[PDB]
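For reference, the structure is listed below as structure tokens.
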Amino acid sequence: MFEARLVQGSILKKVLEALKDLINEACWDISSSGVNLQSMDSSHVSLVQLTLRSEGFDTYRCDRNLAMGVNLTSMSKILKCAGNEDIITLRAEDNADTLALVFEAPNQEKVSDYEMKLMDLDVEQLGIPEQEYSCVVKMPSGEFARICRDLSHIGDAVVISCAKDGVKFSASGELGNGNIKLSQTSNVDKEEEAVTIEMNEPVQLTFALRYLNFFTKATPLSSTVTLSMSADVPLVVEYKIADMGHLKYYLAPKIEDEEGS
Amino acid sequence: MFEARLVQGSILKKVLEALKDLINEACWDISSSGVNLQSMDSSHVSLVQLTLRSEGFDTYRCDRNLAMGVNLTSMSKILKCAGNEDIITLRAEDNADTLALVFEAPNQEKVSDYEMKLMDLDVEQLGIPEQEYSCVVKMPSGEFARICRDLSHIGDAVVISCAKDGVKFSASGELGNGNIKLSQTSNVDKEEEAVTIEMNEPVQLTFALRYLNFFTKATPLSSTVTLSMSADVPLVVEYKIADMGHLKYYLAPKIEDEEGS
Amino acid sequence: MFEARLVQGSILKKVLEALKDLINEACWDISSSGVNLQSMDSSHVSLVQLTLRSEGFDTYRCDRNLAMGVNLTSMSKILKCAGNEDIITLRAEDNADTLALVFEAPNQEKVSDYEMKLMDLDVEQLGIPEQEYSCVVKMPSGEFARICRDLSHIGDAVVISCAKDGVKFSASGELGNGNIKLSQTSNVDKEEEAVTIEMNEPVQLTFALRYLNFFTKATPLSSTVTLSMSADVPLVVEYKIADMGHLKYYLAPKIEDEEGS
DNA sequence: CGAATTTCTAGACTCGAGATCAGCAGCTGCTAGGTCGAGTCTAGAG
DNA sequence: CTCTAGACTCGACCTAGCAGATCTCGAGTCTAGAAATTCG
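The following block contains the structure:
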């Protein structure tokens with residue numbers, strides 16, 4: 001039997017907002033120790049993983065692990081209506097093909113009741129292999145969002161250069177080219193200002209800007225975003241949702257020969 | 001000869017903002033007791049009644065009771081150019097020639113003025129009957145607006161029942177079914193953020209959500225709003241215009257088709 | 001080599017988004033006195049002249065005076081990426097046809113470097129016959145912007161007949177007519193609201209308000225319009241660039257003989 | 001600092017013009033119109 | 001009186017569509033979402 005009580009409904013609001021456009025349908029896996037979400041893009045290049053644990057949840061109970069197939073557009077539409085301060089009372093009736101959602105109120109005089117129809121999908125599991133990443137960078141989410149948004153205007157692809165003098169983003173296009181660079185900040189002890197960089201070997205890659213723009217939408221979830229990559233491996237973008245879990249992104253680097261044509 | 005000083009022109013601004021998207025023509029019955037307006041919708045489904053009291057205006061005088069037909073869409077278009085805190089002394093000539101507007105400024109430093117023509121139209125008078133209603137509910141207007149706007153995401157008809165503990169706002173859209181119940185609380189000392197119902201006999205009806213969304217456009221007029229309905233009786237929505245008067249909204253319930261057969 | 005270091009990049013941003021919708025290519029003149037710009041419009045109706053005195057720059061140097069051709073729409077887009085409080089370092093080097101732009105964070109933590117390509121153009125000298133003016137007014141920019149925007153609703157031709165007691169911004173249209181009148185007041189302690197007018201000869205003309213809508217975009221630069229007007233002379237409105245200089249705007253009044261057919 | 005307000009922007013919708021297409025008739029000769037190059041008139045200087 | 005250079009005229013010369021249905025496309029309009037602003 002599945003029940004779930006959450007205090008900060010804004011967390012679910014932000015999660016569904018971030019996941020709304022990149023993915024439309026997903027297999028909502030549920031465990032007895034937490035919630036796991038892993039699906040894939042229609043264009044089949046980007047991979048998303050979610051790790052909503054159970055301890056952070058106010059009330060968690062799952063007798064048997066299930067797997068719900070649910071339209072993410074419907075979840076976003078429903079969840080946006082509820083306010084950003086209510087109480088989430090997620091509950092799934094066993095084999096009922098329906099997920100029950102209940103919204104309370106801080107003053108406890110108005111409650112919400114919504115029912116929506118599950119959609120049966122094909123469960124596809126892809127065990128992600130782990131490996132070291134040469135360049136590891138953590139830096140404030142807002143600056144990253146602004147950087148990606150600005151570089152969107154100029155061109156279409158970005159050349160990350162994890163140079164030891166500070167990361168130097170670079171773009172190009174028929175309207176000229178630009179390159180924004182930062183510096184390793186050590187004096188400021190504030191985490192919301194850290195530009196901490198981990199260096200193993202200089203690297204250089206390339207990624208489509210539109211997918212990075214899509215990825216940056218999860219900014220309200222947290223202030224700090226971590227980057228990691230290495231030679232010819234998919235990009236790692238990490239978001240930390242307080243303590244109930246972490247949200248990750250995976251983007252496959254472009255090929256240099258794609259610039260030739 | 002007609003004159004009417006309106007110190008709070010914003011009230012009439014919002015009034016025309018509300019009525020604009022429903023009925024495009026109206027014959028304005030003017031009397032020494034005040035200004036009257038009654039017009040029935042284009043689709044012949046809903047009726048709109050408006051009442052203005054003479055004593056509310058700072059200055060108001062009507063030698064002979066008047067009636068003019070005038071477009072409201074252009075009226076609203078020119079009103080949208082007015083400031084939110086202007087002073088209006090709406091005046092019209094004794095001869096049925098045109099319409100005069102006396103736009104002003106709070107600092108008495110600049111004055112605007114517009115001229116509009118009038119078109120004679122049929123004075124189609126329909127006898128409104130006066131009957132009591134089994135169920136009458138008062139409830140904060142913002143909550144009603146939010147409820148209707150949210151339910152618009154689901155379907156086109158909402159089942160409503162004046163329940164023992166409150167109301168039964170619910171709709172069954174193709175995507176799913178959602179229920180919203182309002183706890184009938186009267187222990188609240190301040191009546192503005194409170195709900196109250198007279199319960200006479202159980203009722204159950206349904207309406208059109210698009211028409212409700214159009215109905216709720218007048219939300220900033222007042223904090224409260226009164227609903228009234230009975231068996232096969234058209235639904236009554238009343239908006240209190242501060243001390244100017246009341247705005248009344250009419251909608252017959254959706255006829256229950258013999259879809260069961 | 002040409003260098004320009006404007007501390008208040010907001011100024012350049014504002015002038016650029018003001019001119020973006022009127023000129024697609026304009027020659028740029030530099031001088032030890034300062035930068036100059038004069039460019040007649042695309043539709044061959046209005047003229048735009050801009051003064052950029054070098055004394056206003058925190059740092060300026062120009063060995064020899066060149067004439068560069070620069071697009072503007074691309075400049076508007078590229079400068080949109082600039083922040084609101086950054087230090088522009090506009091620089092063109094030697095005979096290279098590339099324009100260098102450098103943005104620095106106020107906290108000097110995010111160093112943005114850009115690049116623009118210029119193209120050669122015809123440098124056409126166009127004489128401006130200076131003369132005296134009959135209807136010359138000084139009046140707050142926001143009021144003029146609001147008036148023109150509101151009158152855009154009424155129609156497409158205004159007729160100012162500058163009044164002995166103020167102005168006569170009257171206009172008409174198929175819907176009707178509207179004559180906003182502003183009383184001339186000089187009993188203002190501060191100069192931010194004065195509407196002082198010099199009146200010597202009667203005057204009245206006609207102009208197109210689409211050009212006026214393009215015309216008023218420069219509102220954020222200052223707050224004191226210095227509109228001047230005289231017998232059958234092209235219309236002139238000037239905005240003061242804080243203390244650096246001025247931006248003059250030129251449009252010939254529409255000939256009423258062309259309204260015969 | 002949070003929320004309401006206002007403003008802006010971008011995407012969906014509609015309309016008018018331009019292009020394309022599947023089929024026909026059985027014809028290409030005529031009409032409008034634009035260009036262009038050469039003949040020729042005329043004014044000023046020798 | 002005659003030679004010569006520029007503008008006007010005339011003749012020559014060329015050339016594009018031939019008929020309806022069907023998309024297609026580009027420009028204009030509206031609205032909803034976003035973002036900036038401001039005030040208590």
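Protein chains in written order, with full-length UniProt numbering: chain P, 1 to 261; chain Y, 1 to 261; chain Z, 1 to 261. Quick reminder that beta carbons are idealized off the backbone N, C-alpha and C, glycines included.
Reduced DSSP category for residue i - H, G, I as helix; E, B as strand; rest coil
i, result
"P/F214", "helix"
"residue 264 of chain P", "Residue numbering for chain P in the displayed model covers 1 to 261; residue 264 of chain P lies beyond these limits and cannot be assessed."
"Y/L19", "helix"
"Z/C81", "coil"
"residue 273 of chain Z", "Because chain Z in this structure spans residues 1 to 261, residue 273 of chain Z falls outside the shown range and cannot be described."
"Y/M139", "strand"
"Y/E174", "coil"
"P/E3", "strand"
"Z/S54", "helix"
"Z/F207", "strand"
"Y/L121", "coil"
"Z/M75", "helix"
"Y/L12", "helix"
"P/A145", "helix"
"P/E25", "strand"
Chain Z residues whose Cβ lies nearer than 9 Å to that of residue i
i, result
"P/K181", "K110, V111, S112 and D113"
"P/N177", "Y114 and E115"
"Y/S74", "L175 and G176"
"P/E191", "Neighbours of P/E191 on chain Z: none; closest Cβ ~15 Å, over 9 Å."
Beta-bridge pairing of residue i - partner residues as DSSP gives them
i, result
"Y/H44", "According to DSSP, Y/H44 bridges with nothing at all."
"P/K168", "P/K181"
"Z/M116", "Z/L99"
"Y/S39", "Y/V48"
"Y/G34", "Y/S31 and Y/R53"
"Y/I88", "Y/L6"
"Y/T196", "Y/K138"
"P/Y250", "P/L47 and P/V236"
Candidates the options: closest to residue i by CA position
i, options, result
"Y/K20", "Y/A100, Y/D94 and Y/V70", "Y/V70"
"P/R53", "P/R61, P/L47 and P/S46", "P/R61"
"Z/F207", "Z/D189, Z/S223 and Z/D232", "Z/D232"
"Y/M75", "Y/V188, Y/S228, Y/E115 and Y/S161", "Y/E115"
"Y/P253", "Y/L247, Y/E25, Y/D120 and Y/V237", "Y/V237"
"Y/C81", "Z/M119, Z/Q49 and Z/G178", "Z/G178"
"P/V48", "P/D257, P/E259 and P/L247", "P/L247"
"P/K14", "P/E259, P/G260, P/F215 and P/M229", "P/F215"
"P/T59", "P/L90, P/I78 and P/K190", "P/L90"
"P/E85", "P/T73, P/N95 and P/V111", "P/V111"
"Z/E25", "Z/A218, Z/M119 and Z/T98", "Z/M119"
"P/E3", "P/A18, P/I23, P/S32 and P/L212", "P/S32"
Chain P contact residues for residue i, given Cβ-Cβ distances below 7 Å
i, result
"Y/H44", "Residues of chain P passing the Cβ test: none, with the nearest at roughly 32 Å."
Residue i: contacting residues in chain Z (beta-carbon distance under 8 Å)
i, result
"P/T185", "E109"
Contact set for residue i: own chain, Cβ-Cβ below 6 Å, skip 5 residues either direction
i, result
"P/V203", "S134, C135 and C162"
"P/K181", "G166 and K168"
"Z/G34", "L52, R53 and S54"
"Z/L79", "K13 and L16"
"P/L66", "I30"
"Y/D63", "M1"
"Z/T196", "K138 and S186"
"P/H153", "none"
Chain-ordered neighbours of residue i on chain Y, where CB pairs are closer than 9 Å
i, result
"Z/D156", "Within chain Y, no residue comes near Z/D156; the closest Cβ sits about 16 Å away, beyond 9 Å."
Same chain, Cβ closer than 8 Å to residue i, neighbours up to 5 away in sequence not counted
i, result
"P/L227", "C135, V136, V137, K138, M139, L235, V236, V237 and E238"
"Y/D113", "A100, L101, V102 and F103"
Proximal residues to residue i (C-beta, below 7 Å), its chain only, five neighbours per side dropped
i, result
"Z/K240", "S222, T224 and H246"
"Y/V158", "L151, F169, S170, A171, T206, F207 and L209"
"Z/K164", "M199"
"Z/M40", "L47 and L126"
"Z/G9", "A82, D86, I87 and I88"
Chain P contact residues for residue i, given Cβ-Cβ distances below 9 Å
i, result
"Z/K77", "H153, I154 and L175"
Chain-ordered neighbours of residue i on chain Y, where CB pairs are closer than 7 Å
i, result
"Z/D150", "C81"
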